[PDB]
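Heads up, the chain below is alone and in the form deposited in one PDB entry; it's given as structure tokens.
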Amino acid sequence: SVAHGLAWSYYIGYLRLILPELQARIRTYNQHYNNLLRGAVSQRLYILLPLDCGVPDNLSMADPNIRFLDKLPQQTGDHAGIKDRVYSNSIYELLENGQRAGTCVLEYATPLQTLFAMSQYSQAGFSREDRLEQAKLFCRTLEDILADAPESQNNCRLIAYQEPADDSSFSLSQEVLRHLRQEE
């Protein structure tokens, strides 16, 4: 299936490459680049899995209570004949009642944008119904892989979520914080 392929691609070409080095990058940040006066960046990559595959490029905007602080130091490697391919991750602050309640490495799972685009382009032959189904299958497949992965499950948290189309005003920062605080 499409989701099976994207989930393995996301593991093989990214997660298994970055997650075993992520701890050291975050420690290195917290010791040398982090504001002296602020809380340490939490450990683990937090991965946002919107099942409707709505993935903005600006996470900082879009949500008032989630703001970009800084980048982790880059990770570089040679991959597929590209010298020094760069993998970068961004640090965000999470707000609760107008003040910082948490700080973490946070991003959307990029392959969900692929499922979104594919539902948009006619040549892909991929419907909006297929997209939801493939989204859930992506997340499941990804959870199964991470469950027996050495490149651990324990350096990331998957945050899957649905926003109501019946409109009950969803809170993304509270979702992260919920996951963040399970780790405290």
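Shifts are known only where both forms have a C-alpha. Between two forms, the rigid core is the largest collection of C-alphas that superpose within 1.5 Å. Residue positions are given as counts along the sequence shown, with the first one as 1.
Among the other PDB entries of this protein that were compared and that flank it with modelled residues, residue 107 is modelled in all, so it is never left out in a third of them. Compared with other entries of the same protein, residue 78 falls in the group left without coordinates by at least a third of them, where both flanks are modelled. The question of which stretch, 172-180 or 17-25, has the higher mean Cα B factor is settled in favour of 172-180.
The mean C-alpha temperature factor is higher for 27-35 when 27-35 and 47-55 are set side by side. Which of 115, 124, 159, 61 has the largest Cα B-factor in the deposited entry comes down to 61.
Of the candidates 86, 106, 101, 80, the one whose C-alpha carries the top B factor in the deposited record is 101. Among the modelled residues of the chain, residue 110 sits in the lowest third by CA temperature factor in this PDB entry. Ranked by Cα temperature factor within the chain, residue 152 sits in the highest third according to the deposited record. Among the modelled residues of its chain, residue 141 has a C-alpha B-factor that falls in the lowest third according to the deposited record.
Ranked by C-alpha B-factor against the other modelled residues of its chain, residue 42 falls in the middle third.
Separately, the form deposited in another entry exists; it is not shown, and the next lines address it.
In the core-superposed comparison between the shown form and the other one, the C-alpha atom of residue 33 has shifted by at least 2 angstroms. When two forms of a protein are overlaid on their rigid core, residues whose CA moves 2 Å or more are considered shifted, and residue 60 is one of them between the shown form and the other one.
With a cut-off of 2 Å and the rigid core superposed, residue 137 has a Cα displacement that falls short of the cut-off between the shown form and the other one.
Relative to this conformation, an increase of 3 Å or more in the Cα-Cα distance between residue 35 and residue 66 is found in that other deposited form. Relative to the shown form, the CA atoms of residue 178 and residue 33 are brought 3 Å or more closer together in that other deposited form. Listed in sequence order, the shifted runs between the shown form and the other one are 30-35, 60-62, 123-125, counting only residues present in both forms whose C-alphas move 2 Å or more over at least three consecutive positions once the core is aligned.
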